[PDB]
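Number of protein chains: 6
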Amino acid sequence: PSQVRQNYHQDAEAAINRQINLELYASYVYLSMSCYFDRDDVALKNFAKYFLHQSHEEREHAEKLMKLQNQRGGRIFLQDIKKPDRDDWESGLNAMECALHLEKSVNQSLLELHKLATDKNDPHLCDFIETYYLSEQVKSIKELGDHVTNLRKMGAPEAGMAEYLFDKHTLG
Amino acid sequence: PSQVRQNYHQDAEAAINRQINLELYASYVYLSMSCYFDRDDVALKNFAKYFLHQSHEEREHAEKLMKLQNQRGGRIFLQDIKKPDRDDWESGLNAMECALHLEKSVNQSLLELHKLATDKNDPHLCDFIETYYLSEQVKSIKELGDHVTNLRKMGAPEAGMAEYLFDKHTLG
Amino acid sequence: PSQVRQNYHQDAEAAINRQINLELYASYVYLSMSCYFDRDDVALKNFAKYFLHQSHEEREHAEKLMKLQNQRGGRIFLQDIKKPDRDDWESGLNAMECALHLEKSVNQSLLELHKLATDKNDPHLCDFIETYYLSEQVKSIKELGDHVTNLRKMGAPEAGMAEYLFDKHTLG
Amino acid sequence: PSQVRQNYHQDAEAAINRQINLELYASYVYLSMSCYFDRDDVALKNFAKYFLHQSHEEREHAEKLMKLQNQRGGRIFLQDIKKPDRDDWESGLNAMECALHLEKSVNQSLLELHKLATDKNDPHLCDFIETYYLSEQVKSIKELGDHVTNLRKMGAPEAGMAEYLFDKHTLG
Amino acid sequence: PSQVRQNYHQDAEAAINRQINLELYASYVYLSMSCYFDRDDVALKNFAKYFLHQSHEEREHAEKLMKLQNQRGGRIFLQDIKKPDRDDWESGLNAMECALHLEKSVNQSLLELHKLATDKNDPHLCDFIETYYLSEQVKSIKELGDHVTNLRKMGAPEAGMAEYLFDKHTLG
Amino acid sequence: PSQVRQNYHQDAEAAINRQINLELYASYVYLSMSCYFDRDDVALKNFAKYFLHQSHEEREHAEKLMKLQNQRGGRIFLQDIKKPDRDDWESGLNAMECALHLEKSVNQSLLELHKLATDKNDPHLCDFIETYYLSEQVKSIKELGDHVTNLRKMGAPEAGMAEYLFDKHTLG
Ligand SMILES: [Fe+3]
Ligand SMILES: [Fe+3]
Ligand SMILES: [Zn+2]
Ligand SMILES: [Zn+2]
Ligand SMILES: [Zn+2]
Ligand SMILES: [Zn+2]
Ligand SMILES: [Zn+2]
Ligand SMILES: [Zn+2]
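Protein chains in written order, with my numbering: chain D, 369 to 540; chain U, 369 to 540; chain P, 369 to 540; chain X, 369 to 540; chain F, 369 to 540; chain R, 369 to 540.
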């Protein structure tokens, strides 16, 4: 056992490693979205900027989970980062909806991780999750829902000016 | 065909996708090294800082390659980022030697990519590789070789103060 | 022979003169586009500003080729700058598509010139082209492709607000 | 008819297009002279700087005429820019004398253009010419005559230090 | 083999060592020229300043080639720096012409070195040469050709005021 | 005889030429040492920095001796700069000991030169040597002796951390 390990369950360590992988996967998916929006035939530069920022934030979340794992005496075990479900995100609205789905799944993972930490009476893990991940996930989900709502209202994807003006105004 | 595609061969596109994957893998391996050095039983904070910086630089290299793919009209196809070869890097000297090996493999990949771009008479791809990746890889390999040499001379791994003082002086 | 002439083939000199003429022609075409967009019945001031900037950049590129010709001991031979293929560019989308075509032709000429310089084993000419012209041409082609894509999606030319809003947001 | 056009005769529009071409040609001739003086076997850097400045001024004059054409509702019709009368300008004195001849021909063109605008009772065109082109051409012709006089007195072209010292002193 | 050595041929290493010696020799020749022009019986202070600057630049070029040799894992082997072909450079024009010849020989050496690096498919060596040495050599050769041309026209060496005024104006 | 020559014996001129050559040789040897310490398998960056500084100081000494030669009306005669005694300096301690030996030999040459200048009753040459070279040589020899003493005490070369820590602390 690590000399710093205290009130850290093996299940908590495994769940934290799984969350690390899921946050790295979310970063990779956001990177894919950014790449798609940097294409010449998509050409939505603020969409690409937004999703690159999301990718970097998800990488920061994974690194924070790594720091937590190390601070608690748990051992980080990295896995293959699976490729995103697709490379063609097909629209700004569709990419925003997929980002909403991704952040909802990340939130669900964080929620079951918090449930696990509460089962093991690991108050530091619970506080870490609810302080650094749950509030940020709620904010991200709300922002993505706002983006999806505004894009749907403007008429995206059918309204070709909707995605462009959302790119200029909301994402610029 | 992309409207911007011109003098960009399918083989070059595939090679750049493979290079993007390899740069992402190198970033992941550097992240693993940083995680290992952030452990309480390793506790080399400047080693972890160094390898986190390397991970971020490799991620930036992958992002630049994807920007290149989009600029040339090629389509980025992301793959699974494979798990690093191991999670326990066993020493500062061993981690630096593995980083040397990784950067030499990345350099070899970039070199065969440049060879391919020269075969296809793609001067822009060749210049991009040369100005952004080959010089950087040579600098990284030379720096890692210096690190390995200094750690070996100091007595690492067996000299327990060698890695600590390398951490404080070279990496501080 | 010029006292500075060294490893500079006559064919390289002729190709550089032809590139000078082509870049002067591109400057002239961009000037025509700017003039068209300054018309009262077109009245797209950021389109005119964009194409005037492009004409000035192409003139700078021609002057850089002139400086290269003189630096290598080659003699600059200027030719008639042919008038642009049209004076009425009939839309912002059409002008951007024609600018894309023009920059792709300029890139093709630069690629042929680089191929020639590689055949004559003129490394300085190759480095000059790939350092000052190939990357800039790739960037210009990618930017023009983005412009064309955004204008097409917005609904240009038929969507009369598409060109106006692109003028205001992308080009402003 | 253009919605802004009024008191703008077709002959005035044609004369303005001809002046556009003539000023573009003057810019091209100044470019040729600058190129000649940037040669290694001429090596007169302030002569080249002076004639590049003249080329840019003539380009600005052509663009101002373009702006005038558009402001008046006339349509700019661009023509082939004929190559300069020669590529070897044979001396600093000879290039200065040819620049004098060129600016005097440009002024003569502007004078017959002003005569035409006066015959057609186009006071705005007359004012435009006289405030932006006639005084500028008189100043340019006087400066070129001063340059020619000083170079002739110094002993150019035969006095090889005359052009060098004029380059350093008058043009530096 | 060096731990950093990768895609670095023995012939490339030998050619780099020869170029190091050639750049040190060029620095030594420029030092000789500076010494000659600092003499009381020639006493051209800006000529001496110019050639001392050239000597220091050639020394910096040799040091950069040394850094390249070490970065690539090649071993620097220094040779005797041969004395300059003569100690009396006989005039400002003669020294400028000899400097032109020296820089053209250095350029030819760099060109055959680039040919060698291209034969061995060493893209990093080719890029290093073309970005740090070929453009600088072309600029130096053009500048020296300009100097020789201006000195020849001014009347050097026979015109004793020519070298003095070139010293004051071009070199001051 | 130079118009400036006065109380400057031919033997003093020859001795100063020999001293210029010896200072250039010392600069070359220091450059070799710096190159050795910039190698990946040596990787002592402050040792390389120190010896590069020493080579630049020795080059300044040679340049100042040549300025002295020219001020006195003597003619500088440059010779081949002999290759350094070896390319592999095999340790920081060994390189510092060889630098001590080199500076002691340079000091002995300067002392012989001062003895010669005293024999010829050349007070300006004696003052020049003792003002710019003897004090500097004594300081350099004392500093090199301190470096050698500290390296021997620390346990260099066998103590592999001795050279590293001397690099970081004394030379950093
Ligand atoms: Fe709007
Ligand atoms: Fe003067
Ligand atoms: Zn997250
Ligand atoms: Zn990389
Ligand atoms: Zn261009
Ligand atoms: Zn004009
Ligand atoms: Zn050089
Ligand atoms: Zn010295």
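We put the beta carbon where it would ideally sit given N, CA and C, even for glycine.
Assuming contact is defined by CB atoms lying nearer than 7 angstroms, are residue i and residue j in contact in what I supplied?
i: D:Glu471; j: D:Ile509; result: yes
i: X:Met464; j: F:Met522; result: no
i: D:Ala380; j: D:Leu461; result: no
i: D:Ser370; j: U:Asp455; result: no
i: U:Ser395; j: U:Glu426; result: yes
i: U:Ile388; j: U:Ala430; result: yes
i: D:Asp490; j: D:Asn375; result: yes
What separation, rounded to the nearest whole angstrom, lies between the Cα atoms of residue i and residue j?
i: P:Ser473; j: P:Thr517; result: 19 angstroms
i: X:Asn438; j: X:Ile444; result: 7 angstroms
i: U:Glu391; j: D:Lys450; result: 15 angstroms
i: D:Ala411; j: D:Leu533; result: 13 angstroms
i: X:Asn414; j: X:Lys432; result: 26 angstroms
i: D:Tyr418; j: P:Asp453; result: 40 angstroms
i: R:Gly513; j: P:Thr499; result: 50 angstroms
i: D:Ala527; j: P:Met434; result: 47 angstroms
i: R:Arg386; j: R:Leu478; result: 10 angstroms
i: P:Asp535; j: P:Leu519; result: 10 angstroms
i: U:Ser503; j: R:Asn475; result: 42 angstroms
i: U:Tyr501; j: U:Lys507; result: 10 angstroms
i: R:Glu531; j: R:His537; result: 10 angstroms
i: U:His424; j: R:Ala467; result: 42 angstroms
i: X:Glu428; j: X:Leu420; result: 12 angstroms
i: X:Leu539; j: F:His515; result: 18 angstroms
i: U:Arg440; j: F:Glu511; result: 37 angstroms
i: F:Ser402; j: D:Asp406; result: 56 angstroms
i: D:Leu436; j: U:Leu436; result: 36 angstroms
Alpha carbons only, please: which of the options is nearest the one belonging to residue i?
i: U:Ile497; options: U:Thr538, U:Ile384, U:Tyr418; result: U:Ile384
i: R:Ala524; options: R:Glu458, R:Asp490, R:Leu468; result: R:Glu458
i: R:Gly442; options: R:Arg373, R:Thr538, R:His515, R:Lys536; result: R:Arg373
i: residue 541 of chain D; options: U:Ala382, U:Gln447, U:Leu436; result: Since the first residue shown for chain D is 369 and the last is 540, residue 541 of chain D is missing from the structure and cannot be characterised.
i: D:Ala382; options: D:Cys466, D:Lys536, D:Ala485; result: D:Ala485
i: R:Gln505; options: R:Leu539, R:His469, R:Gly540; result: R:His469
So residue i and residue j are supposed to be a Cβ contact under 8 angstroms. How far apart are they, rounded?
i: X:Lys488; j: X:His377; result: 4 angstroms
i: residue 551 of chain X; j: X:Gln422; result: Because residue 551 of chain X is not part of the residues shown, which for chain X are 369 to 540, the question remains open.
Is the Cβ of residue i closer than 7 angstroms to any Cβ of chain B?
i: U:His482; result: Looking for chain B here will not work: the only protein chains present are D, U, P, X, F and R.
Mind listing, in chain order, the residues whose beta carbon lies closer than 6 angstroms to a non-hydrogen atom of ligand 2?
This criterion selects X:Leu533, F:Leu533.
Near ligand 3, which residues have their beta-carbon closer than 7 angstroms to a heavy atom?
For ligand 3, the selected residues are D:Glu391, D:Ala394, D:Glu425, D:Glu426, D:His429, D:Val474, D:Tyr501, D:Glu504, D:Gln505.
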